[PDB]
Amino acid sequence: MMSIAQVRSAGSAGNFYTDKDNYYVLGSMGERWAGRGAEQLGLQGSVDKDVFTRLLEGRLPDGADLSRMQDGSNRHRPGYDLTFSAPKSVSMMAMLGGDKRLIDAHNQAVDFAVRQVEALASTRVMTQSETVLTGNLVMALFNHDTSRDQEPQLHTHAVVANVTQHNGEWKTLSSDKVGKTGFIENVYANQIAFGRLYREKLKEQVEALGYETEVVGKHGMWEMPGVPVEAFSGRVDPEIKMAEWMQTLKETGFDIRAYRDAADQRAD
């Protein structure tokens, strides 16, 4: 699925989205920019914490500045956090099964979704105020491993900077409580499709890897047949959590190595 939340605040977000703890299992962030708006800014590859924060503050590298300092605070909304999560079976197989391919898959899927999300990118202008599309967003996608559940959760944080290039000028993103014509309003009104779109592209890449899938919930919600999913349901130091995880799995008798070869053969 794809959770939707508003970023707390430059500093706040900065350290959070990169706190190595949120990704100790993975060992890496995987952070890369995204969006026509990001490539249009020369932003490519890894993410510079500072660039990211300034970006959240509303200061682009382009030189444009949408920050509105008012007695210490900034009245410029940072952006929106789109979190795409991977089915327990996969998150597990990806981080505890030693099959990095599944992580790549996860990424690719998010990318395939994030675009469609980008398409809805809009801005406001009057003539009366109206919402005109743009087709671009600036983004920073980070990968985290655990969840509030303290369970493996290969999930990416698609942080959409609250800026959009329209007619040259960098204006803020379309907001509109009323007519729900705002970019974010359309995001809310497509969460299932986009969450499904992300899962759809993943169930295809995984199956091409030789893995099978099964429906477990509505709108798609599937899981990899046979993964001890349940051994991580019903509910410090990252390292202590890792070991725990490793231990909890060995005490299931699942044959990670075999389940893998099982697939390698089934496709190849």
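In case it trips you up, residue 1 is the first one in the sequence shown, and so on.
- Count the deposited residues lacking coordinates between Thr127 and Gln128 and you get 1 to 3 of them.
- The stretch of deposited sequence separating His219 from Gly220 contains no residues lacking coordinates in this entry.
- The mean Cα B-factor in the deposited entry runs higher for 118 to 126 than for the other of 139 to 147 and 118 to 126.
- Once the C-alpha B-factors are averaged per stretch, 85 to 93 and 108 to 116 rank with 108 to 116 first.
- The entry lists C-alpha B-factors for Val236, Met242, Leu202, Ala34, and the highest of these is at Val236.
- For the set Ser175, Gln191, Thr156, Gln153, the maximum C-alpha B-factor listed in the entry falls on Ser175.
- Among the modelled residues of the chain, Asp62 sits in the highest third by CA temperature factor in this PDB entry.
- Sort the modelled residues of the chain by CA B factor and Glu169 lands in the middle third.
- Placement of the Cα temperature factor of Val51 within the chain: middle third of the modelled residues, per the deposited record.
- Per the PDB record, residue ranking by Cα B-factor puts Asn162 in the lowest third of the chain.
- The entry lists a Cα temperature factor for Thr134 that places it in the middle third of the chain's modelled residues.
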